[PDB]
Amino acid sequence: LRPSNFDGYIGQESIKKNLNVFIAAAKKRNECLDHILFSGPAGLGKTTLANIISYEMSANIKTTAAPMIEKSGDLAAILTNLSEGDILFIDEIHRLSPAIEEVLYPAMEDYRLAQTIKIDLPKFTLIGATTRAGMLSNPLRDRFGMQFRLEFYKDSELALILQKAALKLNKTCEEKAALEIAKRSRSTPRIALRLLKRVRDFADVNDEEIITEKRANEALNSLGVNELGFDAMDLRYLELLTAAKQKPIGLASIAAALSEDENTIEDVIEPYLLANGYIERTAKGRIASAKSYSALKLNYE
Amino acid sequence: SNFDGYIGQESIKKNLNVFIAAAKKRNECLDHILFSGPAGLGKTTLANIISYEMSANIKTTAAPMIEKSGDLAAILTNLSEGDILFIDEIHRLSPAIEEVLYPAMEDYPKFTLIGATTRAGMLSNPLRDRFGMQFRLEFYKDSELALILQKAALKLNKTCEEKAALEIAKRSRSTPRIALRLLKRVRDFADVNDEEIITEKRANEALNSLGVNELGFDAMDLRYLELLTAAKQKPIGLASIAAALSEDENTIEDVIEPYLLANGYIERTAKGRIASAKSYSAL
Ligand SMILES: Nc1ncnc2c1ncn2[C@@H]1O[C@H](COP(=O)(O)OP(=O)(O)O)[C@@H](O)[C@H]1O
Ligand SMILES: Nc1ncnc2c1ncn2[C@@H]1O[C@H](COP(=O)(O)OP(=O)(O)O)[C@@H](O)[C@H]1O
Numbered sequence: 003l004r005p006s007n008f009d010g011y012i013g014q015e016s017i018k019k020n021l022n023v024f025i026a027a028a029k030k031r032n033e034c035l036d037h038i039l040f041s042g043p044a045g046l047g048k049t050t051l052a053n054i055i056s057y058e059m060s061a062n063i064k065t066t067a068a069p070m071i072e073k074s075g076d077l078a079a080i081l082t083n084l085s086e087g088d089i090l091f092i093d094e095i096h097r098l099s100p101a102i103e104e105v106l107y108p109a110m111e112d113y114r115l116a117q118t119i120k121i122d123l124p125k126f127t128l129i130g131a132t133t134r135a136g137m138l139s140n141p142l143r144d145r146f147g148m149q150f151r152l153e154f155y156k157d158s159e160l161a162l163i164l165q166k167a168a169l170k171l172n173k174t175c176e177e178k179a180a181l182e183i184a185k186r187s188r189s190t191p192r193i194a195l196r197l198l199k200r201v202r203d204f205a206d207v208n209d210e211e212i213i214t215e216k217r218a219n220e221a222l223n224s225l226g227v228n229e230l231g232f233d234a235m236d237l238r239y240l241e242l243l244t245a246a247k248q249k250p251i252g253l254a255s256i257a258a259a260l261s262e263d264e265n266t267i268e269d270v271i272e273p274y275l276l277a278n279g280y281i282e283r284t285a286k287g288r289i290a291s292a293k294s295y296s297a298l299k300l301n302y303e
Numbered sequence: 028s029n030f031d032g033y034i035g036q037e038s039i040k041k042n043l044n045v046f047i048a049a050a051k052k053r054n055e056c057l058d059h060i061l062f063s064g065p066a067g068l069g070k071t072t073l074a075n076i077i078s079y080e081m082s083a084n085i086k087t088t089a090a091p092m093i094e095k096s097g098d099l100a101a102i103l104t105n106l107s108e109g110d111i112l113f114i115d116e117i118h119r120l121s122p123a124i125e126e127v128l129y130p131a132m133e134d135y136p137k138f139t140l141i142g143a144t145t146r147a148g149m150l151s152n153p154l155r156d157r158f159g160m161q162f163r164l165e166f167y168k169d170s171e172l173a174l175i176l177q178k179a180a181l182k183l184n185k186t187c188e189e190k191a192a193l194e195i196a197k198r199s200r201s202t203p204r205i206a207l208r209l210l211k212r213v214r215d216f217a218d219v220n221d222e223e224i225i226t227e228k229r230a231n232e233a234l235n236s237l238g239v240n241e242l243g244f245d246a247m248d249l250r251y252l253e254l255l256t257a258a259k260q261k262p263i264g265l266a267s268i269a270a271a272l273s274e275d276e277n278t279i280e281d282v283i284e285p286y287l288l289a290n291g292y293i294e295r296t297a298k299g300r301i302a303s304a305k306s307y308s309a310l
């Protein structure tokens, strides 16, 4: 119950505009698209886009995950069982063992991969998805003709997503209700769609089909969903920088303080904060903007 | 490809022509070679050219594909005195497999080993010193990429204006693979408009739509330059730079600076690094 095409795909204007151009070209050229790479925080709709592309390209799609692959031959086998034009979608692609990753390079670039060698290749489209762009090797990303980084969603964009999704659940989510759920969804369709199913449940027990703002708030507060959508980690990060004065803190310190991986801070914890203008990456470390100070004060009132 | 109309790597080409001549002049195959440099600059291409010049077979493999002994022993046994063995990510080998390689390279069926690595400073002196020839591929000049792009464009049935090739060159971080990749994206913008001639206007539209940096910089390349520029040319050492960018030193010299040096954005001096005059002009 996710969008099936671009016809009414919400958000990612930039990615959509470009995919539309490359999709026209490939078809005009009577060929399949070059390899595509999607990167960005979980639940932003990259698995979705992958399947939309399969529909737009009237091509079949096969899915798998990096950890799911282990034996080098296994991958070689996967390639062997693909019809000319198909799409191969690998999620968490950044977790491929150098060995497997080494077998993939020639498959993408050339379409060919006792003693023995041989083995040609049908000619397909490899779509890779990662939530850890920083962990992706240059030899691998530089082989994707197309590279797209999903951005977070505006509250107005989530609103629409909720309104349409609500409809499929046989419910009318008023605008003001959509905006309030979005407000606590941390600009992420998955969280918002999750909260929607909870608000619905309150509507059901009250024999209601129209989710109002008032009832949305009832549900959200009753569940204790943070009013601003912050995680425990968002609060810890902002408190760490806000605790320090307008003096930048580098990963070395931050990572050390939050006893967390240095890469997890850049590609998982910070993306949302930077997106909503809570922090900035200065020339020598990070700093918290006015948003943070006023946001935190507001959260603890 | 075979050196005839080869673009770039002037010095490597110059030196290889001499060694290939001397080698053949004495009916022998080249000694072991080591190609060093960031990904996508042309190590594999050069290896193939050598295979053609020496008119010999070439077998490709990588360190991670050689797990434990049995793997390596099998590859060498299936060689043929004069053949060429190309091993990628060679600095990724274990001391055990690395130990089994030292002898074969020196003791031996005379063959030629070509090692490739993107981390020269990551490779050990003992192994490095056993490759008769050592070459550090260098980044390409705008004009060189432009010409390369124009040639690829022809194969893609399209004429690429000089200004259009340079623009792409500029944002392709002086790297053939990136350049080529961006060319195909621009080809698409051309197709949609029924254009056979890739113009600068169309190029910008594409590069900008995709959000490719104007100078092909990373988030790192910018902080690094902001760090050095702010220093008003008072030399800074690695230790300081390593801390400020929360980055490992080898990555700075081995992966980040190489490109910045090549395009004259920074300078290496006895007392440290400084932002060049060229970086004070552009923003
Ligand atoms: N742009 C979008 N428009 C509508 N729904 C979206 C959009 N992006 C994501 N979603 C929804 O959010 C959920 C998570 O999407 P998914 O593609 O699984 O994200 P990811 O692949 O990043 O984990 C899905 O139910 C999907 O329908
Ligand atoms: N000197 C060159 N002239 C034209 N194209 C080049 C040149 N060097 C590299 N390329 C192109 O860039 C890509 C990188 O080739 P490769 O040798 O695999 O780079 P590396 O092995 O260093 O990653 C290839 O598609 C190749 O066509």
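Chains A and L, in that order, give the protein sequences.
Take the first sequence: its letters are residues 3 to 303, numbered as in the numbering used here.
Take the second sequence: its letters are residues 28 to 310, numbered as in the numbering used here.
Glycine included, each C-beta is placed from N, C-alpha and C at the ideal position.
Here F138/L carries a coil assignment [DSSP, helix/strand/coil]. Relative to the Cα of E103/A, the nearest Cα in the group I54/A, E86/A, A67/A and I289/A belongs to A67/A.
Separation of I60/L and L73/L (C-alpha to C-alpha, rounded to the nearest whole angstrom) is 11 angstroms. When Cβ-Cβ separations below 8 angstroms define contact, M92/L makes contact with chain A. A residue is called buried when at least 16 other Cβ atoms come within 10 angstroms of its Cβ; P130/L does not meet this threshold and is exposed. Comparing alpha carbon positions, the residue from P5/A, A245/A and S139/A closest to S99/A is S139/A. Relative to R283/A, the option among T214/A, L260/A and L243/A whose CA is nearest is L243/A. Counting every other CB atom within 10 Å of its CB across the protein chains shown gives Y251/L a total of 16 or more, marking it as buried. At least one heavy atom of ligand 1 lies closer than 7 angstroms to the C-beta of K48/A. For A44/A, the shortest separation between its Cβ and any heavy atom of ligand 1 lies below 7 angstroms.
The Cβ neighbour count for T144/L, taken over all protein chains shown within 10 Å, is at least 16; the residue is labelled buried. Interface criterion not met: the Cβ of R198/L is under 8 angstroms from no Cβ in chain A.
In the DSSP annotation of this structure, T118/A is not part of any beta strand (DSSP E), being labelled neither H nor E. For the 8 angstroms CB-CB criterion, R186/A and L230/A form a contact. The beta carbon of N172/A lies closer than 8 angstroms to those of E211 in the same chain, with the five residues before and after it left out.
Contact holds between the region 55-70 of chain L and the region 157-167 of chain L, because three or more Cβ pairs, one in each stretch, are under 8 angstroms apart. Beta-bridge analysis with DSSP links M160/L to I60/L. Per the coordinates, the alpha-carbon of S308/L lies some 50 angstroms from the alpha-carbon of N84/L. The region 51-114 of chain A is shown to contain whole alpha helix (DSSP H) runs of 4 or more residues at 74-82 and 100-111, in chain order. For the region 199-211 of chain A, no residue has a beta-carbon sitting nearer than 9 angstroms to a beta-carbon of chain L.
When the beta-carbon positions are compared, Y280/A and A290/A come within less than 8 angstroms of each other. Apart from sequence neighbours up to five positions away, the residues of its chain that approach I121/A with a beta-carbon distance below 8 angstroms are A78, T82, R114 and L115, ordered along the chain.
Around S294/A, the same chain offers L240, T244 and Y280 as residues with beta carbons nearer than 6 angstroms, after the five sequence neighbours per side are excluded. In the same chain as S189/A, and ignoring 5 residues on each side of it, the C-beta atoms closer than 8 angstroms to its own belong to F154, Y155, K156, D157, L160, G231, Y274, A277 and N278, in chain order. Taking 8 angstroms as the upper bound for CB-CB distance, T226/L and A180/L are not in contact here, some 12 angstroms apart. With a contact defined as Cβ atoms closer than 8 angstroms, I55/A and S6/A miss out at about 11 angstroms.
Taking the C-beta atoms as reference points, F204/A is found no nearer than 8 angstroms to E182/A. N277/L places its beta carbon less than 8 angstroms from that of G148/L. In the same chain as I193/A, and ignoring 5 residues on each side of it, the C-beta atoms closer than 7 angstroms to its own belong to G45 and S187, in chain order. Beyond the five residues adjoining it in sequence on each side, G130/A comes within less than 6 angstroms, by CB distance, of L39, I92 and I95 in the same chain, given in chain order. Assignment of alpha helix (DSSP H) within the region 243-291 of chain A, counting only whole runs of 4 or more residues, yields 253-259 and 272-277 in chain order. Distance check between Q248/A and each of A292/A, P141/A, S224/A and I267/A places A292/A closest, using alpha-carbon atoms only. With a cutoff of 7 angstroms, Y292/L does not count as near ligand 2, since its C-beta is closer than that to no heavy atom of the ligand. Burial state of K70/L is buried, judged by a 10 Å Cβ sphere holding 16 or more other Cβ atoms. Taking the Cα positions, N44/L is about 39 angstroms away from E274/L.
Within the same chain, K166 come within 8 angstroms of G10/A by CB-CB distance, once the 5 residues on both sides are set aside.
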